[PDB]
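The first chain written gets the first letter, and so on, giving A, B, C, D, E and F; residue counts start at 1 in each chain.
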Amino acid sequence: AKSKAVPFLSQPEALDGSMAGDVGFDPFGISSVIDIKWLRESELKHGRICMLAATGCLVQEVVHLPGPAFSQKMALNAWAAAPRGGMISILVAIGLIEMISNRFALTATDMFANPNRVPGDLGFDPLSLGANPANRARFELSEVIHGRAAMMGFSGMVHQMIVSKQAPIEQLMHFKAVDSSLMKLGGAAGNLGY
Amino acid sequence: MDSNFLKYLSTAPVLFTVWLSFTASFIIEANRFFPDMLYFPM
Amino acid sequence: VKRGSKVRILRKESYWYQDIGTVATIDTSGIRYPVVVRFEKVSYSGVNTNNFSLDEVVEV
Amino acid sequence: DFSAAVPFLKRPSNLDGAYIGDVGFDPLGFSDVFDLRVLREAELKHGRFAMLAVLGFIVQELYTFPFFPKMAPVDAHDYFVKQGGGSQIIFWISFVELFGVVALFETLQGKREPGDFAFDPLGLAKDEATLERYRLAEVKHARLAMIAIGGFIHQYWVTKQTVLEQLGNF
Amino acid sequence: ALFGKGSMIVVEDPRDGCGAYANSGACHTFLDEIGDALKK
Amino acid sequence: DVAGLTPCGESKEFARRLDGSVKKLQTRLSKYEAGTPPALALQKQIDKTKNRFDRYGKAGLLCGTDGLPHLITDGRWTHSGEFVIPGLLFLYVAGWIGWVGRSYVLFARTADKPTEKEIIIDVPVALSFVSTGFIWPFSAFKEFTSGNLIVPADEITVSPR
């Protein structure tokens, strides 16, 4: 009755090994506080965005759309250089995708109001790749793991773009270490401000 | 963690002081990094 | 009305006028205010129950 | 009635020998006031930090990593304060200590031994009997290393020589 | 076919024509930093 | 420009405000040595003062005869960043707080003891509610039209008059 992920803690309730990637990891007991359906919807959503975000950073390093506004190898510069009208178009399109794909059940009080609604199942299978029932367990597992990995990887790449003002692949290929002269962490209250 | 200590931290004055300190804390941090915002910049 | 039903108060000087209470008992004697209604809200006096007539009480 | 360690002192009521390494030694009566589980959590945590640190001293005089400058361990504390690697180590210790807070809540709720993190990758504990023998050894080593690290740092503060070089000289 | 001679997809080599390890001054890879850390 | 005001970038009174505000700090900086902590602090204050005046000059704000920025709040779109757009941000946050609190009081009415839920807040449920506020204009307008925001006049306690 111990967790398999954290062997010295008790196995958390609402984690019963049914969900993909349910290795028994909830030390802080958020699943005991927050319904596991919302947490799995949010975990799948974070990971799917991060999978695209990781692929985004690496692919924007390799390939660009044409034009001078899209010629930013370093990914954090593409945020500023890309045409604002189109980035707000992306943002509005994301909001529309959120309202239609969630079917106007967007809040924590009305998503999963339909008992047919499943965490992460927005009805997205354009090429019917989940038509085979046998692969469903593996795919759902591999989606969750790819999502988690991409959360960790994208977080790394962003904070490596902050530290070293370099895109991730050409930061690996032109690696220059941390000098520690700059990028000191904290310090706003140690010197009493300024 | 103890359920009675969590029920104590859910009391109205504790949540009020923590939430308004968190609220005050991000007003302070937003005015630290981005000060003197008399207007929405446009 | 009948015991246990939810009722709307029509006594204009009541604290719970046009609020919902529930009927506890109804006397059968020649009582002037037989319907005893209990209320979730407490009055300014702190009382949460009062006796009313039938013509001051409507089932909801 | 009386303590195994101190013959003339009475054995503390809360010390029943359930925790390994118990010899009844608690004159100041900290177990009469505080939870023993928490105190054994603290004893094993202080001791494990001290054991890692005494091995830390000895290996750091014997070898240092080529990417780091060669220097004394207290000077290493100050260098890694200013360099950033101390903050790294503090962050990762703090990160592990978050789940340590969860672990201590599991101990207070009765469902975990005070020093158990189920950390037996190399399967050295075979059955209960050897686990008890190792556990008594762990507490004895933990206590001995707490005294030893205090000696190593205090001796360096008095005489600016490392522990291996202080044995080598004088 | 979308895009076109004028304004076509820009594909560039991030590697910049140097290897993963065993490089000169112009290229210092992450693995080169591991090697530089080991030999110092 | 608007209302006989002058853009802050070309008004001489805004420029003399900036120059006087920097002279006050420079005469405080003139009593300290270069690397000392008060001098470093005072120089950062000078930098912040210059940044504030530089940003205000290029922002399209209009200054008065006094050299201070004035806000035009009549609705014109060339000045919507001073009241209309900050006001829209406010009304979104305020309606968020109102919708979230209203949703929590309606939840707390359906509790076993409704008044403990208001002095000891069910924090997971209240956090579910604070997440609900991002689409409050639609949620509240659908609530209004579906007869769930407004109660009829004959369900409200009123005085005899």
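The rule is simple: a residue touches a chain if its C-beta (ideal position, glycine included) is under 8 Å from a C-beta of that chain, and two chains touch if they have at least 3 such contacts.
These are the chains along with the protein names UniProt gives them: B = Photosystem I reaction center subunit IX; C = Photosystem I reaction center subunit IV; F = Photosystem I reaction center subunit III.
Student: Quick check on the contact network: minimum steps from subunit A to subunit C?
Tutor: Step count on the best path from subunit A to subunit C: 2.
Student: Please state whether D-E or A-D has more C-beta contact pairs across its interface.
Tutor: Higher contact count goes to A-D.
Student: Which integer distance in Å separates the CA centroid of subunit A from that of subunit F?
Tutor: From the centre of subunit A to the centre of subunit F is 31 Å.
Student: At what distance in angstrom does the C-alpha mean of subunit C lie from that of subunit B?
Tutor: 45
Student: If you average the CA atoms of subunit A and of subunit E, how far apart do the two points sit, in angstrom?
Tutor: 26
Student: Please report how many Å separate the Cα centroid of subunit C from that of subunit E, as a whole number.
Tutor: About 84 Å, centre to centre.
Student: By residue number and range, which residues of subunit B touch two or more other chains?
Tutor: none
Student: Hey, what residues on subunit F touch two or more of the other chains?
Tutor: Expected reply: 123.
Student: Subunit B touches which residues of subunit F in the complex?
Tutor: 48, 51-52, 55-56, 59, 61, 69, 71, 80-82, 85-86, 89, 118-123
Student: Which positions of subunit D touch subunit E when the two form their complex?
Tutor: Its residues touching subunit E are 65-67.
Student: Touching residues of subunit A toward subunit F in the complex: what are they?
Tutor: Touching subunit F from subunit A are residues 33-34, 106-109, 191, 193-194.
Student: Sort out for me which residues of subunit D touch subunit A in the complex.
Tutor: Against subunit A, the touching part of subunit D is residues 82-84, 87, 98-99, 102-103, 106, 111-112, 116-119.
Student: Along subunit F, where are the residues that touch subunit A in the complex?
Tutor: 37, 40-41, 44, 103, 123-124, 127-129, 131-132, 134-135, 139
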